[PDB]
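Shown here is one chain on its own, the form deposited in one PDB entry, set out as structure tokens.
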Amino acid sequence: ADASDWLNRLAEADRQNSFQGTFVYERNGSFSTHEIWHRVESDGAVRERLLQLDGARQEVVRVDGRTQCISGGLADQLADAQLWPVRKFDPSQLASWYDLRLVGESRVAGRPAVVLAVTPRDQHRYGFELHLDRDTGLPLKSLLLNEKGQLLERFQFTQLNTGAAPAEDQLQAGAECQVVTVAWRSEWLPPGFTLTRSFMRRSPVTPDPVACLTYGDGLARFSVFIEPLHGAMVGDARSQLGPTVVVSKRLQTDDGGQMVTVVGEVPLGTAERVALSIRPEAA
């Protein structure tokens, strides 16, 4: 597949190009602009800085995958333990779950691009329309589409200066950038989703431990939270923020019930099915 070739190209673009650019991220209820400085060092390590341009000065700096510093607003819900990068993007197996196809050509940020359709092979995940830079393979535009082909989010570069390496001054963060197994399993996952992390956190409101499980298929992710109910009769809940769905379902158990919450960039049905499928580990 030439589409496969493009994905492979996209996969390594990060280590083969140094660049600066500005992009927009838009979803229902949010419009924001950001700057990125990305330098490939002489040893091949990637140093990258991301800065929000409108409103508050949110920022992150990463050095060869590790977060060097991150603004408070981006990390209030992360323990330092959580600072691990679980993985490297691997597109090799993505073809199992998505159909990859070149569907045309486009012009984005003043640059010629090829348009790659990433279409789900099932109903359990969302598709993407990716516009890849011809010169470098970097993603100029990314549209997340629902089942009906409706737009859930837009990620798009407005300006991209490639080849050129950002100066050291530009890679430096502002002061706002702060220097930095569970007894539950799912008895159902959509094809290709696999457990990426497992840990315990404390409930935000009570002294109770809350089990956290994260799953991914290479492109999409969802997280599961299991919280004790202590016999409370709490019903279900649902929410959505742009591409991210939230579903909470009561699970009857022999230990007073549990509330199972699933959050992720997957269809509502998927989250719901997963929530209903969470079970405690047995003796």
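In this text, residue numbers run from 1 along the sequence as written. Each form is matched to the other, and the largest set of C-alpha atoms that superpose within 1.5 Å is called the rigid core.
- Where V180 is followed by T181 in the displayed chain, the model omits 4 to 9 of the deposited residues that sit between the two.
- For the pair 19-27 and 263-271, the mean B factor over Cα atoms is greater in 263-271.
- The PDB entry reports B-factors from which the mean C-alpha value can be compared for 55-63 and 30-38; the larger average falls on 55-63.
- Per the deposited coordinates, the residue with the largest Cα temperature factor out of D90, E105, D133, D122 is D90.
- Annotation for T194, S203, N146, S142: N146 ranks highest, by Cα B-factor.
- For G163, the recorded CA temperature factor ranks within the highest third of the chain's modelled residues.
- For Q156, the recorded CA B-factor ranks within the lowest third of the chain. Only modelled residues enter the ranking.
- When the CA B factors of the chain's modelled residues are split into thirds, the value for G174 lands in the highest one.
- Among the modelled residues of its chain, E129 has a C-alpha B-factor that falls in the lowest third, as given in the PDB entry.
- Remark: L189 belongs to the middle third of its chain, ranked by C-alpha B-factor as recorded.
Form deposited in another entry: not shown, discussed below.
- Put simply, after the core is superposed between the shown form and the other one, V86 is the one residue in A167, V86, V103, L151 with a Cα shift of at least 2 angstroms.
- Once both forms are fitted on their core, the CA shift for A113 between the shown form and the other one remains under 2 Å.
- Once the rigid core is used as the reference frame, the Cα position of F193 differs between the shown form and the other one by 2 Å or more.
- In this overlay on the rigid core, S32 has a C-alpha that sits less than 2 Å away from its partner position between the shown form and the other one.
- Note on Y215 and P139: their C-alpha atoms are nearer in the other form, a change of at least 3 Å from this conformation.
- Relative to the shown form, the CA atoms of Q240 and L151 are pushed 3 Å or more farther apart in the other form.
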